[PDB]
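Supplied in structure tokens, the structure appears directly below.
By written order: A, B, C, D, E and F. Residues from 1 in each chain.
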Amino acid sequence: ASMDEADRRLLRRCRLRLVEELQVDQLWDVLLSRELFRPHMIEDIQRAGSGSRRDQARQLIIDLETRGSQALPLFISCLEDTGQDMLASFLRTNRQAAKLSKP
Amino acid sequence: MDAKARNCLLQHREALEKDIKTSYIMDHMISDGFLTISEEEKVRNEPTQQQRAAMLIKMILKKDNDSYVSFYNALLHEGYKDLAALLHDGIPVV
Amino acid sequence: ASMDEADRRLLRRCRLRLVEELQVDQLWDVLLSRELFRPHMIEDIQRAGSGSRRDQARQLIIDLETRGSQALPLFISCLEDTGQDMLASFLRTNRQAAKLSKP
Amino acid sequence: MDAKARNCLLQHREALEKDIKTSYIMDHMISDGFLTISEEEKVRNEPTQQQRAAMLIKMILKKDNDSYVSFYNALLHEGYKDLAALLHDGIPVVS
Amino acid sequence: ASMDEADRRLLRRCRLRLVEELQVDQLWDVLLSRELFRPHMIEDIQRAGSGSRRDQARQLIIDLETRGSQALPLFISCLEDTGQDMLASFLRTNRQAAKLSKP
Amino acid sequence: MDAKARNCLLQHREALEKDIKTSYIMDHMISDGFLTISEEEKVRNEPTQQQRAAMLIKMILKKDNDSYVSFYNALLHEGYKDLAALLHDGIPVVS
């Protein structure tokens, strides 16, 4: 029930692309429904930095590292059912590739 | 980190401290890997911009050569062309 | 080659004038196409404060100080590109007046 | 700044903080050159009109007479006539 | 001499009636000429919310509290100038009533 | 307020936060006198609608019975008939 070092490595390696392309507008309700984040934490995500969607995304992927070993699949699914297809596919692909690359 | 790498950093620490925006730089430095969420948190928690810059630089000094390179590349990617050029003549080859 | 203190002094002394007269509307595109700012920097500056022209202008001439030595002349060129000739003439007049007066 | 001025400013600190809007005043004080970009950023980070005003006055209290006068004229030019009248009695005279 | 508590309380009490009846269509110039606000402030009050009459009126009576002691009756005078004799007489007679009762 | 009323509001929190437009409601509550300018500021200081609603309810929870009643009456005066109906059972018994 704790996120792997590889997943953290992934969330940091693609920090730029995530912060660039994450859409957090339709994401909240699903994030709460899928039980990925607690309401307190989401409340803090929305208020991180300047309210800029950018830094909201930043704090989101930062707080994602403290949500267990099932955080990335659940998050990617949240991306999927909010119409963020390409981002989902990118994360999924890079993640699986990362898993396969390490013996 | 190195001889004239860090010496070049101290040579122009004022301009760097009073110009750069750590928010934009630390993203690149994270994505490259030469920075951590803990250090990023340590830098993000400062009242003013120049203090964030100063903290970030303090952390850079303790790090190594490839970190200097990534810092340069961040500055260049973010449009700090003047400062990047001012940092160019300080890149090691180690 | 960071922005000299004379230019900064100039941007600060004529803060009121700038935030009152500056037309940031058609200015964004020009600011980008002269590479004064990256796009996300522009969209960050645009949502500063209440989003009013005054606030946007304020954050613009504040963050302009960090863009380099030739940031101010470039900005004046931007002002001339958007047809804000009075203001640009004012800025060139005072910049030249300043740098010729030293010491 | 001087004792009389500092005392005046303190004595009217809350009256000031209830009304003034820093966005307007700080432009003037920046223009006059008795307020820095950093200090301005530190004030702007506050989440409330009251809190911002408070941080601003906190900054000004550690400054000289000229800064006080700048703050005063800043109030005057932005229509805060009453508060200006309040800060007026504690304006350091010139001999 | 900031705006006394009786006046602020009087503005908050009949806040509804104000954001309902008050026509702001002509107020601006009179607000400017009686020195309650300055131009950029008027711009702010006009941009506030969605830009509807209700939102504008609301932001107006919210900001009015910060304009000094005599800010309220001055405001009333403006209502008298734009031909809003009714609302003006209401506010004025109610303020006069409030003043004549204490504790 | 009474634990019963608090329980009612909490029982219909998510129900309220999806439908409530804070502006008019806050107008009503301010007119009634159970909402200050500061509180209205920190509510309106939220970018989205549901956030404003959340903050507003979060504040009303700490208040008293008359606040609850003012809120109900606000809901009822502004067309929110069914939400007002939802809060009807939690209205504190009078005395």
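Convention: a residue touches a chain if its C-beta (ideal position, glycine included) is under 8 Å from a C-beta of that chain, and two chains touch if they have at least 3 such contacts.
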Pair in D-E or E-F that repeats C-D, with over half of contact pairs matching by residue number: E-F
Higher-contact pair (C-beta pairs counted), D-E versus B-D: D-E
Chain centre separation in whole Å, for chain F relative to chain C (CA means): 46
Centroid distance [mean C-alpha coordinates] between chain B and chain A, Å: 26
Intercentroid distance (Cα basis), chain E paired with chain A, Å: 48
Touching two or more other chains - residues of chain A: none
Residues on chain D engaged by chain B in the complex (per definition of touch): 38, 41-42, 45
Parts of chain A lying in touch with chain B, wherever the complex brings them together: 12-17, 19, 49, 55, 58, 62, 65
Contacting residues of chain B [partner chain C, same complex]: 15, 18-21, 24, 78-83, 85-86
Residue ranges of chain F touching chain E (in the complex, touch as defined): 23, 27-28, 30-31, 33, 37, 40
Residue ranges of chain E touching chain D (in the complex, touch as defined): 1-3, 35-38, 40-41, 65-69
